[PDB]
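Working notes, structure below.
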Ligand SMILES: *[C@@H]1O[C@H](CO)[C@@H](O[C@@H]2O[C@H](CO)[C@@H](O[C@@H]3O[C@H](CO)[C@@H](O)[C@H](O)[C@@H]3O)[C@H](O)[C@H]2NC(C)=O)[C@H](O)[C@H]1NC(C)=O
Ligand SMILES: *[C@@H]1O[C@H](CO)[C@@H](O[C@@H]2O[C@H](CO)[C@@H](O)[C@H](O)[C@H]2NC(C)=O)[C@H](O)[C@H]1NC(C)=O
Ligand SMILES: *[C@@H]1O[C@H](CO)[C@@H](O[C@@H]2O[C@H](CO)[C@@H](O)[C@H](O)[C@H]2NC(C)=O)[C@H](O)[C@H]1NC(C)=O
Ligand SMILES: *[C@@H]1O[C@H](CO)[C@@H](O[C@@H]2O[C@H](CO)[C@@H](O)[C@H](O)[C@H]2NC(C)=O)[C@H](O)[C@H]1NC(C)=O
Ligand SMILES: CCCCC/C=C\C/C=C\CCCCCCCC(=O)O
Ligand SMILES: *[C@@H]1O[C@H](CO)[C@@H](O)[C@H](O)[C@H]1NC(C)=O
Ligand SMILES: *[C@@H]1O[C@H](CO)[C@@H](O)[C@H](O)[C@H]1NC(C)=O
Ligand SMILES: *[C@@H]1O[C@H](CO)[C@@H](O)[C@H](O)[C@H]1NC(C)=O
Ligand SMILES: *[C@@H]1O[C@H](CO)[C@@H](O)[C@H](O)[C@H]1NC(C)=O
Ligand SMILES: *[C@@H]1O[C@H](CO)[C@@H](O)[C@H](O)[C@H]1NC(C)=O
Ligand SMILES: *[C@@H]1O[C@H](CO)[C@@H](O)[C@H](O)[C@H]1NC(C)=O
Ligand SMILES: *[C@@H]1O[C@H](CO)[C@@H](O)[C@H](O)[C@H]1NC(C)=O
């Protein structure tokens, strides 16, 4: 099927014989070759706040947001022994492979015995009063253990809230997705053997919590991460996703793959007239597609989708001759032989100014291929002219009256 | 003024390119749906073939066997130059009449481009979206010059005499005398027609002059022409804009799914996209088939209208035009 | 309709037996529901296309009734409807999905050019002019009558002429006169 | 609805249908005129003497 | 048009309220998107008809 | 809105010569808001 277009026609019809005609076949797809990579010098994302101090509790989770920086993901992952992970609308391999507009990390000290309380449908105290995961963005929840005690300082104990209500448990205050608990000020006092409930007389609020103990075991942490796409001009990229910068000045006019400040895709680049805003670096259409790019060399490049040349086969069964019609394209782009017709560039036809009355392989625009008893000929559809009659200048007129006749059956 | 549509736009779709946009993983997943893509292509090919045969039948039926020259000085006091090819031609078509120029110029039609459409698209829009989405507008069977030839040969067609009911004789009678007999056949005596020659010619010329500036928003047949053009553009727009449907996937593009998910999730999202696009293509094929049969029936009605009004005088009141029909002229129009 | 049953619609197989023997209960329910939804949508599309085809066939059957009533049970006087040229007689035979017509028409083959006149009058004071009926006044003066569909000069009589008012385009005959114009 | 024999009977009965005469425009009378004479009158009505 | 609204399209219910009160967030998104796609396809078929 | 009062631009992109329907955080049309005046001390 890959030898030529007529064999692809035979394969598409799944038979060794097809009727004569002009058949559309698969287009000449141009796969992207060459790379245009443009990235800033950037900096290292500052994760030292996570390691410099004691991790907080689940109700008092700390948040780190990273934007326009590069981070060593392998070094960060090598410091933790991951026990489980759950990801939504993204995968960890894609996180290590691609770039994103922003990266948000929610980390807290969390015991691994309560891992089921951090899952999607859980209705225990953790999901009701401590932390509910937000699923408006691609998210990954990671639960890991810290093998070396010199990485993160060990907190005294694991602590969490069991219930938080105003007057009675029938008036409990539930936490929101990605937000802090209403009982945060009460839960800041801590929970130990002596203290298991805290009450405020002014607003009436009450908070009850439980605790574990950390004694000569590894620290267990929980990380809830989230990423965003297409919401910034700069990107957050792992250091394994950073490639060498190339130039577009030699790949213009052809389908190439690009990675422009973390935005990846394939397209055709042309030196276009600058439109849009220079500072935003990206121009989009109404369908959320990249159509332009303000580069760092001072030029504006308009991005176009990769296109394929339409291909048609002019097949004649009786003579077993085939010709290729490239619809609406000049013969230089394709580069008897090729020639330019009204319907595009044809290959395999011979032009001899032949005129035919009727023909069975119409190419359009009054052009058609005629088999010769051997290659097909490019011919034109004949317009017969009516018999011209000129009236005479008198009171009489000339009329053509039949003298012989036949009977025609319609 | 009456517009009869004889054809629709011929569209063929590359099913593999439309569904997968040249992605190897999507093609591997679509190899399970090869027969449906083949059926879509074969159905579209059959519809386009039937359209070509319908157009050929239309232009075969309205052919004339005899024609007279109707230049100025031979048509009498009747100004028929609006129905004829201009002596100074600027239309890009050497056989297109002036009234066909007015018809074609005042209709908003995007030029598809059958010669260098790909080159014009890549040099600097549902026409440039053919090479992106994966479809192609097929050119019509005849170039506009041949259609203009066929329609202009009907204006000076020589027919049988008014009293001789039939089509076996070719009476070379001037246009003024033909109009005289056509007006006599509806109930006007010979004395009135002999005494009112100049007034009749003036009223005919006034009717044609008003026919010139009548392609405006108020005119309804012109609205029908624009409606046919808009129907073609709407079919192309639906075909092009169905590719942005996510169908429940995280993205409507294969590249984001490939770069944001692992293998199994990629398979599932790409399968959702494949199923949605195949269902959309099936709906498009059904719509194109329906429009093709409708256009074929309307082209047969156009054949009947030509044979009744253009090649003869109609005694059926209200069929050709309001009141007593005198003479009719047919000119080429977009899609009919 | 028959080949839409092989569509997996995204399932692991297009047959229920493989799904039942390959997966557990929940996965079986998911795949079978996928197949059910796909097949129901295909059946809805089939019902729509059959409705369209049935209404089209009904309209075409009414057109066939009109064609029978015009061409088979009569001779149509409007040219181009039944067949080509002058319709003579039509025959209708049964077809696998409808009706097949055989319109026999009059097809001339050889044409000659003849000098014809609109009408003839004498120089009498109440001038009576005659016009041909379904024919022409031909010559080559002496004027004869011929049919419109066949050239055959014949004497001008009251069986092929009708009296009309005087026109300036009519030939004024002085030397020879047909019996309609003689007195 | 109909077996092909009935349909062919319907289409065959139309070939030998007798109708009103050529000069009598209508469908109220049945003129038993042979096929040759009917063809003669049909050719007379198109312009052959 | 009225009866296409009772189609579950493979969801646990043909009504949004039961899905909202029976499932968690992600499953709610999945089932509601299933209903959305089914109803959009039904509306497209209705428009063509 | 005819002078684009209080319009927050999209953060990481731009659009050229189109009309787009955008869902975000915008002030209501015809809202008077609250007016604050800072004066000068006694002198
Ligand atoms: C926001 O600020 C308020 C102060 O306006 C904080 O509330 C205060 O929190 C401290 C520490 O939890 C309370 O001190 C404790 O008082 C109890 C007696 O009720 C005593 O037994 C403890 O040993 C400790 O000293 C303080 O009373 C409390 N004040 C009020 C008015 O509530 C609140 O914690 C702050 N919010 C956050 C999130 O930090
Ligand atoms: C990312 O972190 C890894 C550590 O996990 C770095 O790999 C180490 O690099 C140092 C200095 O080049 C070597 O001495 C070590 O042998 C490497 N391996 C380990 C396990 O420590 C890696 O270089 C970092 N990448 C970047 C770009 O800084
Ligand atoms: C949440 O945890 C942070 C630590 O991650 C607490 O911040 C500490 O607060 C104490 C006194 O409030 C300070 O002495 C420390 O220097 C702070 N450390 C850091 C790293 O900020 C914070 O108080 C906790 N919040 C609640 C409500 O308990
Ligand atoms: C901005 O968009 C408008 C609307 O498409 C463009 O106006 C068109 O300009 C072309 C000339 O190339 C005309 O043929 C169209 O009729 C115009 N359309 C309308 C609705 O007026 C305008 O050219 C665009 N501006 C730029 C700088 O590209
Ligand atoms: C295990 C407790 C006893 C179970 C039997 C008693 C009642 C059954 C009724 C409701 C159960 C709903 C909660 C399901 C627990 C999921 C785990 C979690 O939320 O973390
Ligand atoms: C970590 O644990 C080892 C175990 O012996 C101990 O020697 C060391 O002091 C601990 N480090 C810290 C910072 O507590
Ligand atoms: C990038 O360039 C450096 C030299 O500047 C080279 O050592 C390195 O191998 C290159 N990387 C790639 C992926 O080409
Ligand atoms: C690109 O175009 C700009 C003007 O639009 C011009 O200044 C620049 O030299 C061009 N660069 C190339 C490589 O053509
Ligand atoms: C075919 O050849 C004739 C004669 O040379 C020429 O006029 C015509 O343009 C040619 N057509 C094509 C399509 O090359
Ligand atoms: C083409 O048509 C012309 C009349 O217009 C005729 O003279 C010529 O013979 C025709 N050519 C062929 C090949 O039939
Ligand atoms: C009419 O044509 C046929 C066939 O060419 C011929 O046999 C017959 O003699 C012709 N008749 C006349 C009168 O020319
Ligand atoms: C006929 O009309 C055209 C405009 O349609 C005009 O230019 C021309 O002069 C007119 N001819 C006569 C003889 O009035």
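Protein chains in written order, with my numbering: chain A, 1 to 410; chain B, 1001 to 1336; chain C, 2001 to 2183; chain D, 3001 to 3049; chain E, 4001 to 4049; chain F, 5001 to 5043.
No residue lacks a Cβ here, since even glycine has one placed at the ideal position from N, Cα and C.
Buried versus exposed, by CB contacts within 10 Å (16 or more), residue i
i: residue 1270 of chain B; result: buried
i: residue 283 of chain A; result: buried
i: residue 1121 of chain B; result: buried
i: residue 1143 of chain B; result: buried
i: residue 164 of chain A; result: buried
i: residue 304 of chain A; result: buried
i: residue 158 of chain A; result: buried
i: residue 1218 of chain B; result: exposed
Residue i: CB within 7 Å of a non-hydrogen atom of ligand 11
i: residue 1219 of chain B; result: no
i: residue 3049 of chain D; result: no
i: residue 404 of chain A; result: yes
i: residue 2109 of chain C; result: yes
Residue i: CB within 7 Å of a non-hydrogen atom of ligand 2
i: residue 48 of chain A; result: no
i: residue 97 of chain A; result: no
i: residue 1244 of chain B; result: no
Alpha carbon of residue i to alpha carbon of residue j, nearest angstrom
i: residue 1008 of chain B; j: residue 1295 of chain B; result: 7 Å
i: residue 232 of chain A; j: residue 1257 of chain B; result: 20 Å
i: residue 1157 of chain B; j: residue 2168 of chain C; result: 26 Å
i: residue 2085 of chain C; j: residue 379 of chain A; result: 31 Å
i: residue 286 of chain A; j: residue 227 of chain A; result: 24 Å
i: residue 2064 of chain C; j: residue 2100 of chain C; result: 9 Å
i: residue 1189 of chain B; j: residue 1138 of chain B; result: 54 Å
i: residue 2087 of chain C; j: residue 397 of chain A; result: 27 Å
Unbroken beta strand (DSSP E) run spanning residue i, endpoints
i: residue 1303 of chain B; result: Premise fails: residue 1303 of chain B lies in the alpha helix (DSSP H), 1263-1305, not in any beta strand (DSSP E).
i: residue 351 of chain A; result: 350-356
i: residue 1144 of chain B; result: Residue 1144 of chain B -> not in any beta strand (DSSP E); alpha helix (DSSP H) instead, spanning 1144-1153.
i: residue 324 of chain A; result: 321-327
i: residue 1197 of chain B; result: Run containing residue 1197 of chain B: none in the beta strand (DSSP E); it sits in the alpha helix (DSSP H), 1197-1212.
Range covered by the alpha helix (DSSP H) that runs through residue i
i: residue 1119 of chain B; result: 1117-1123
i: residue 1183 of chain B; result: 1175-1184
i: residue 1018 of chain B; result: 1015-1020
Closer than 7 Å: residue i CB and nearest ligand 7 heavy atom
i: residue 41 of chain A; result: no
i: residue 297 of chain A; result: no
i: residue 198 of chain A; result: no
i: residue 294 of chain A; result: no
Proximity test, residue i beta-carbon vs ligand 10 heavy atom, cut-off 7 Å
i: residue 381 of chain A; result: no
i: residue 352 of chain A; result: no
Check: residue i C-beta below 7 Å from any heavy atom of ligand 4
i: residue 5017 of chain F; result: yes
Check: residue i C-beta below 7 Å from any heavy atom of ligand 9
i: residue 366 of chain A; result: no
Residue i beta carbon near ligand 1 (any heavy atom closer than 7 Å)
i: residue 202 of chain A; result: yes
Let me have the residue list for ligand 12: C-beta closer than 7 Å to any non-hydrogen atom, ordered along the chain. Residues flagged by the Cβ proximity filter: B/1072, B/1079, B/1081, B/1082, B/1205, B/1209 and B/1212.
Counting by C-beta, which residues lie closer than 6 Å to a heavy atom of ligand 6, in chain order? A distance filter of 6 Å between CB atoms and the heavy atoms of ligand 6 selects the following residues in sequence order: A/149 and A/150.
Taking 6 Å as the limit, name every residue whose beta carbon sits nearer than that to some heavy atom of ligand 3, in sequence order. Of all residues, those with a beta-carbon under 6 Å from at least one heavy atom of ligand 3 are A/53, A/56, A/60, A/62, A/184 and A/188, reported in chain order.
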